[PDB]
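[1] quick one, fold the following:
(one chain, ligands or ions: 24)
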Amino acid sequence: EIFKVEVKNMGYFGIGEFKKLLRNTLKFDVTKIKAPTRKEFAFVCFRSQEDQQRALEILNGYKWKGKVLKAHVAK
Ligand SMILES: [Cl-]
Ligand SMILES: [Cl-]
Ligand SMILES: [Cl-]
Ligand SMILES: [Cl-]
Ligand SMILES: [Cl-]
Ligand SMILES: [Cl-]
Ligand SMILES: [Cl-]
Ligand SMILES: [Cl-]
Ligand SMILES: [Cl-]
Ligand SMILES: [Cl-]
Ligand SMILES: [Cl-]
Ligand SMILES: [Cl-]
Ligand SMILES: [Cl-]
Ligand SMILES: [Cl-]
Ligand SMILES: [Cl-]
Ligand SMILES: [Cl-]
Ligand SMILES: [Cl-]
Ligand code: NA
Ligand code: NA
Ligand code: NA
Ligand code: NA
Ligand code: NA
Ligand code: NA
Ligand code: NA
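    Numbering: from 1, shown residues only. Ligands and ions are numbered 1, 2, ... in the order given. Let me share the structure:
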């Protein structure tokens, strides 16, 4: 089943940097990322609901690449 979020207020970023944050720094089990413009927003899907819930708790308020990130569930 699908456990998706949208990360917002990202400013400019690289996909390598973002996948590092999610998978190396925060140890999320990421199944998929759609951030095609490399700015402002990224959709992410996690293998478990636990990581989706974890991503929303952590990323809301998380200072990264000069920005205070926000995140919400995505359908
Ligand atoms: Cl920026
Ligand atoms: Cl932004
Ligand atoms: Cl960029
Ligand atoms: Cl990068
Ligand atoms: Cl990039
Ligand atoms: Cl990096
Ligand atoms: Cl990081
Ligand atoms: Cl985690
Ligand atoms: Cl992907
Ligand atoms: Cl799409
Ligand atoms: Cl992408
Ligand atoms: Cl592209
Ligand atoms: Cl689950
Ligand atoms: Cl988890
Ligand atoms: Cl919050
Ligand atoms: Cl924080
Ligand atoms: Cl800063
Ligand atoms: Na934004
Ligand atoms: Na980085
Ligand atoms: Na890792
Ligand atoms: Na693309
Ligand atoms: Na748009
Ligand atoms: Na922070
Ligand atoms: Na959405």
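[2] what about the residue nearest to residue 64 when sequence neighbours are not counted, distance to ligand 4?
    If the residues on either side of it in the chain are set aside, residue 64 comes closest to residue 21, at 6.1 Å by CB to CB, 6 or more residues apart in numbering. Yep, even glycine has a C-beta here, placed from its N, CA and C like the rest. As judged by CB to the ion, to the nearest Å, residue 21 and ligand 4 stand 10 Å apart.
[3] wasn't residue 21 part of a helix?
    Yes: counting by DSSP: H, G, I helix; E, B strand; the rest coil, residue 21 is located in a helix.
[4] kindly report the residues of the protein close to ligand 5.
    For the chain, the contact set with ligand 5 under CB under 5 Å from the ion comprises 14, 15, 38.
[5] find the residue at the geometric middle of the protein.
    Centroid-nearest residue in the chain, with CA atoms, centre = their mean: residue 7, separated by 5.0 Å.
[6] mind checking the SS state of it?
    Going by three-state DSSP: residue 7 is strand.
[7] that one against residue 39, yeah?
    No: if you go by CB atoms under 8 Å, residue 7 and residue 39 don't touch, sitting 11.7 Å apart.
[8] nothing else from me, thank you.
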